[PDB]
Amino acid sequence: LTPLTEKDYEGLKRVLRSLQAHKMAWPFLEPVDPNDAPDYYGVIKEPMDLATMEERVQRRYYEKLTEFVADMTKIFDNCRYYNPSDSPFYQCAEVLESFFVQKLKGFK
Ligand SMILES: CNc1cc(-c2ccc3[nH]ccc3c2)nc(S(C)(=O)=O)n1
């Protein structure tokens, strides 16, 4: 896989901001609050969120697009594992993952 260039990184920031602005992204914007989900961090061993990804983007943590996609997929995988399939939180992952794929393919 090809290294992420500085030109690549402008695109990644755009993709990330498109997701952060999505109406369904709210449960993913910041780390889960342990007060609203007291067992969350006993269940989910590798939490991830969009603020933690923004930090990594800004600090050029990602060297390959696959690593960026892997962090994003953890967000969605964590959500569907923690939540039952009829929860509104689960529905956020359904909507935002397919939005992400649309944007990812564009990033191309
Ligand atoms: C009850 N189920 C839930 C609850 C939450 C949650 C709760 C409070 C929160 N405060 C700041 C973020 C934040 C996220 N996130 C999910 S998630 C990431 O979609 O798996 N599922």
# chains A, B, ... in the order shown; residues from 1 in each chain; ligands from 1
>>> residues_near_ligand(ligand="ligand 1", cutoff="8 Å", atoms="only C-alpha atoms and all ligand atoms", output="list in words")
residues 26, 27, 28, 29, 30, 31, 32, 33, 34, 35, 36, 37, 49, 75, 76, 78, 79, 80, 81, 82, 83, 87, 89, 90, 92 and 93 of chain A
>>> select_by_dssp(residues="segment 5-102 of chain A", states="helix (DSSP H, G or I)", output="number ranges by chain")
A: 6-20, 26-28, 40-43, 50-58, 65-82, 88-102
>>> closest_residue(among="A:15, A:10, A:1, A:72", to="residue 105 of chain A", atoms="only C-alpha atoms")
A:15
>>> closest_residue(among="A:97, A:18, A:13, A:5", to="residue 55 of chain A", atoms="only C-alpha atoms")
A:13
>>> residues_around(residues="residue 56 of chain A", least_positions_apart="6", cutoff="10 Å", atoms="only C-alpha atoms", output="list in words")
residues 50, 62 and 68 of chain A
>>> residues_around(residues="residue 22 of chain A", least_positions_apart="6", cutoff="10 Å", atoms="only C-alpha atoms", output="number ranges by chain")
A: 92, 95-96, 99
>>> write_last_selection(atoms="C-alpha atoms", output="short mmCIF file (atom, residue, chain, number, x, y, z; two decimals), in the first residue's frame")
data_model
loop_
_atom_site.label_atom_id
_atom_site.label_comp_id
_atom_site.auth_asym_id
_atom_site.auth_seq_id
_atom_site.Cartn_x
_atom_site.Cartn_y
_atom_site.Cartn_z
CA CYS A 92 -25.73 5.26 13.77
CA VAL A 95 -25.74 4.82 8.50
CA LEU A 96 -22.28 6.23 9.13
CA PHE A 99 -21.54 7.03 4.39
#
>>> closest_residue(among="A:59, A:74, A:107, A:69", to="residue 47 of chain A", atoms="only C-alpha atoms")
A:74
>>> closest_residue(among="A:70, A:106, A:77, A:53", to="residue 17 of chain A", atoms="only C-alpha atoms")
A:53
>>> residues_around(residues="residue 4 of chain A", least_positions_apart="6", cutoff="12 Å", atoms="only C-alpha atoms", output="list in words")
residues 10, 11, 12, 57, 60, 61, 62, 63, 64, 65, 66, 67, 68, 107 and 108 of chain A
